[PDB]
Structures are given as C-alpha cells and as structure tokens.
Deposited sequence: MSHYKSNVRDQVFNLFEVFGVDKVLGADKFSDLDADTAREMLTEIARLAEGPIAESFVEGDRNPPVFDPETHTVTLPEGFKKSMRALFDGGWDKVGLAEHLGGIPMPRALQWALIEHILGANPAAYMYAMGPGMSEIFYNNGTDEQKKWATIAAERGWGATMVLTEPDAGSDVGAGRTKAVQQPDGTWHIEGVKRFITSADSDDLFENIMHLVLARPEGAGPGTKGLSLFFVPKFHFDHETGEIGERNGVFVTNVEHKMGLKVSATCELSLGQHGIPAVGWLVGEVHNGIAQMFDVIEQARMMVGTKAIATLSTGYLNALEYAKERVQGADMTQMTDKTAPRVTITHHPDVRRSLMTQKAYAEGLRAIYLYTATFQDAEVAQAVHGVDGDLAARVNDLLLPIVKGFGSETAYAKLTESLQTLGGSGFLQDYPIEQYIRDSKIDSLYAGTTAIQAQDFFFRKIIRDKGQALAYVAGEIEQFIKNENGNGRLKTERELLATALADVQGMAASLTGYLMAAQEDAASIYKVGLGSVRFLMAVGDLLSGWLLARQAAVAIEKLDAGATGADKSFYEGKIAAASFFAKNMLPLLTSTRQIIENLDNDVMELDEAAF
C-alpha cells in the first residue's frame, strides 16, 4: 500500500484552475460529463492503490528471469495479476480512439488517470501501452494496416518502440539495422537493437507489435534515411487475427538495472537466428523518423508524468511519516532538556523540506496537466482561446519541460522525501528508496536531459521563431499585471520572467555570434540545461500562483474544513516557491550571461 494518490489536487487543476469541464458533454466529449470523469479518477486511484500497487515491491525484489534458449522472460506472478486488473478494468485503453474501443476524453483527463498507474507501478503502464501504440500505427498506416491495428487494439497486443543500438542512442541516425526489400513488398529486418522495453513480456499478451526503425538498403545516412516497420512477434491471419508461426525477432539479453527492474529491458535480435524478421513498411512510405516521433512524443510525456507521479507519492509518504514521528523538542524550547517531545513536523527544517516537496510535486502536476490542455484542439480552443496550430506548437514547446524538468526535479526532490524519514528512509521497508531507483532512469530514456534541452532551444524556440514561447510568456505577464494579497508573489514572478527573458536573449546572442565564430555555439550548449530548468521553475511558480489566486477566491467565498485546509496549502506553496526557489534564477541568468569557452578549450588530459 505504498501508493498515496491525490485525486483532489487533480480535480482542482482540471476543473477549478484549467476549466477542462468546459468541454465535457459537448462535441467530441458529448457522452462524458463532469461527474463521470470524477468517478473514473476515483476508481482508477482506488485500483492503483490496491491491486496495482500490490506488486510494486514484488516486481523489484523478484525481478524477471530470462531463458536464453527460449528467448523469453518470466514475470513474477503478483505483477501479472496486477496487469490483469489493469486489463479487466479497461485501463490499457484510456484515451483510445472510439473506433478502437476507447472512451473519448480530453488528454488532460487521460494523463490524470494514467498518473495513478505510474505512481503505483509504472512498469505496469509501460507494458500496457500496446493499444495506444496500435492507434499510432492505425493513424500512420495504409487501409490494410488499419485493419491490423484494429485487431491489435481489440485483442490488446503489447508493443515496443525499437530504435536504440549499442552505437546509436542519442544519435538515432547512426543506427545500422538494415531492411531488405522482398519481391512481394514485405521487408526482412536484420540487426541487433538494445535497451528495448517490453521486448518480451512472458504470457501477458498473445502478440507483440514491434515498431522498428531500420535503414533500407541503399538509403541515405542519418535519421532521414530511416524507415519504420511493423514487426510482429508472431505472424498472424490478417483477416481474423488468429496467431500464426513465430516471426524472426528474438530477445537475446535482459539487462540488470538500478531500478524499474520489473520492466524487461532487452537486447532484441532481428533475423539473426535463421528465421527472417518480416517487417511491413508503415504507411507504405519511407518516413521513419517522423512516424516514430509520434511515438517518442507520447513516451516523453509519459516519462515526465511518471517522474511527477513518483515524487507526489514520495512526498505524501514522507508527510504521513513526519506527522507521526516524535523526535526532539520544539525549537523554542531547545535549551530545556526536559521540554515535551514533538512530532517532527514541528521542526523548521522538516517544514522547509515538506513544503519544498509539496510545491514542486504540485507545481509539476500543474505543468503536465497544463501541457495536456494543448494536446486537444477543442480543449485548447475552449480553455485558452488558441487555435489548433498554436496549440500544437505550445504542446511541442512544453514536452521537453515535462520530460526534462519533470525527470530531473522529481529525482532531486525525492532526496528530501527520503531525508524526512531519517535513517528509516534508507530501508527497503519504506518505498522511497525504490522511488529513487525507479526514477533515476527518467533523466535518461526517451532522450537524455541534454537532448531535451537541445530540442527545447533549437527546435521548439528558434525553429519555431519563438511563437509558442511568446504565447506562454504573454500569459505569465498577464497574470503579473492583473486583490493585493499576491503582490509580493507577482513581484517575484516579474523578476523571474525578466530573468528567463534575459537567459533567452543571451543564448540567442551566442547563437548569432556563431555566424562569425563557430565555437560560440558551445556557449548555447553550456547553458542549455540550466535554461530548460529555469523555464521549468518559472512555469512552476506561475502555475502555483494561479492556483493560489483560485484558492483565495474559494476561501473568501467561505470554504470550511478540509477544503479550507487544501486552499490554505495552495497559498502557502505558491508563496514559499516564489520566495525560496524563484530568486535563484537571477544568479543563473548572470551566470549564463558570463559563460565562456575556457572549459571547451581545456585539454581533455587536464580533466
């Protein structure tokens, strides 16, 4: 029962802050009303806290075992039981297209539902991403492939995304797996891929769809030469879906990892065992990296939401421990060594720790839900007044924040959650040490933090001509310019916004200088991650302050009891974050304004 959920904060964001209930019961969501959405959140949170979280510890302590002669993994029984509870409730089809058996819903609600599985047992959601992948295959496929995608979604096949090779991780375009065209128009895929999540999954599914990047013989270099292929674990009857003979794609190793142990992470060999790995060209066009980024975009959203979900349950575990742990006297009585003992929430450093965890957990929740409000044209129109084109560019801008800032922040603040338990935090008896191990990977897969920061600056700001960035900046500025009980917070946000504008100007300056001195581009690289984290902090502080403004209205109107306590904590979090996290951005701007290439010119031997 490690998993502590926060449906109340989810509903607060979705309805009281962002107004996603504006679209419920109209247009694409005509059959889903606000009551039902709330019931779904409560239901999956209960299921997550129970049967899904039930095997969280077991998956880590009794991890999958690989049989190299069968090329299969065995998963622990309790975890597979958790997977069946997910399937029996339909929770592998959250947000699936209606024509694939899904329940239409705004993406903001879909990711809030998914947060609970990611908090309780995140590898369970990863194993369950098959139907979502089938929908992406459907969207990119020919008419005939759409029929296969429909079967795969209805039968609940598992799925993988297969990019990485030993020499091609961040540099996808270096991959050497090849595709050999056959006279009948299929392809034979030949190569060894590495680190493939869920490439075998015991007997969870009757089939697995591998979506594989490979280079057709004679194609050009880099990512632009790659094509994407549908490579099923088993051949099947294209009309009925009846499972046929084994296709030539075999797991040949399973990694031993720091955490996320129950997610089998696999070396995957294609066409290496005397049986061809037949692949079908997705959409029967050569457009592999663009097609695969439909998948990567979802994976990056998931990984960021995963890290955020994990910090939230980490914080709530730390809080519940702190409420009960008696240790020491109140600081106002520290010299009286017979003073009454107090619970540790009375100690200033513990309250600082807990409010740091709270503000970042809740600010991050607001960030991913805000990001999701731009993932549906109809939601972005109704709740922001933004047309479909700008909505897509804003969503693309925020994804590296969700992924990069989410992963880095959650892992770092889980350090505070563990510390709150004292020595017991180091014990496996409590879940926080597993939270830390399970979440360290989030800064690495789906593109490292450095790759996120490079995407954010070069593709999502510069190539975008800053239009999404300017949009978000204008919303922040509008909040600042708009009661005076938030006057101090709006002043701190104004400074933080000017700091981030300054960082953006400096980095853009170094880029322009690279027209004359190519090495000036290195300064962009040196500051890129700090810039990404700075924008994340600014967004956290702004969204928390928006939450405080709503909380003030609800308190003024007469909130009582648990509602009152909730709203009071929003005011406290927004004020704490503005006063203790935002000012650091000023020093970070000054640091970025003074970057130089000394560290780039230093001989490698001097390190």
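Chemist: How would you write out the unmodelled ranges of the deposited sequence, numbered from 1?
Modeler: No coordinates exist for the deposited residues in 1, 484-486, so these stretches are absent from the model.
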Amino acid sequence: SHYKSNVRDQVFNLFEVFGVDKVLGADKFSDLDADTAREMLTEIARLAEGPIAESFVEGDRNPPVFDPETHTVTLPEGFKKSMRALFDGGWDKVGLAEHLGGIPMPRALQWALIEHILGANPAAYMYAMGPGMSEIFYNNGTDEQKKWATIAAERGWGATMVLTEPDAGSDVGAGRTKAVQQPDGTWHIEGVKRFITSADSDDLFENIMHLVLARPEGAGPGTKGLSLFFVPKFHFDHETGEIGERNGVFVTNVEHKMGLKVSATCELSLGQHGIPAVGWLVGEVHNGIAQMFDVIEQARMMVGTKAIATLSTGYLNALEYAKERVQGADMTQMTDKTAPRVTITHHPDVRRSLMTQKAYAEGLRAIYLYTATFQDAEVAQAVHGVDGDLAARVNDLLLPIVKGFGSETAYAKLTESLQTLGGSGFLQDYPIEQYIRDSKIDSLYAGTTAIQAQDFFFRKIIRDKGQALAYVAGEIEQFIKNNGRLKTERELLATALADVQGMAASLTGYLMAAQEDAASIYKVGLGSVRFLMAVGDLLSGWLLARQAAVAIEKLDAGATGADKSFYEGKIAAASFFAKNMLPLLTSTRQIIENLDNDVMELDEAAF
From here on, numbers count along this sequence of modelled residues.
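Chemist: In a third or more of the other entries compared, is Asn483 missing its coordinates?
Modeler: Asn483: unmodelled in a third or more of the comparison entries.
Chemist: Mean CA B-factor: is it higher for 184-192 or for 385-393?
Modeler: It is 385-393.
Chemist: Per the entry, where is the mean C-alpha temperature factor higher: 400-408 or 485-493?
Modeler: Taking the mean B-factor of the alpha carbons in each, 485-493 is higher.
Chemist: Tell me, please, which of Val20, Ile592, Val599, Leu584 has the highest C-alpha B factor according to the deposited entry?
Modeler: Highest C-alpha B-factor among the listed residues goes to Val20.
Chemist: So if I compare the CA B-factors in the entry for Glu49, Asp563, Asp67, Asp60, which one is the largest?
Modeler: Comparing C-alpha B-factors across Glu49, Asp563, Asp67, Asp60, the top value belongs to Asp563.
Chemist: Taking the entry's C-alpha B-factors for this chain, is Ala572 in the lowest, middle or highest third?
Modeler: For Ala572, whose C-alpha B-factor we compare with every modelled residue in the chain, the answer is the highest third.
Chemist: Ordered by C-alpha B-factor within the chain, which third holds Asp517? Give me lowest, middle or highest, please.
Modeler: Answer is highest: the recorded C-alpha B-factor places it there.
Chemist: Sort the modelled residues of this chain by their C-alpha B factor and say whether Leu538 lands in the lowest, middle or highest third.
Modeler: According to the entry, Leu538 has a C-alpha B-factor in the chain's lowest third.
Chemist: According to the PDB entry, is the CA B factor of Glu165 in the bottom, middle or top third of its chain, that is, lowest, middle or highest?
Modeler: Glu165: CA B-factor falls in the lowest third of its chain.
Chemist: Can you work out whether the C-alpha temperature factor of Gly271 puts it in the lowest, middle or highest third of the chain?
Modeler: According to the entry, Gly271 has a C-alpha B-factor in the chain's middle third.
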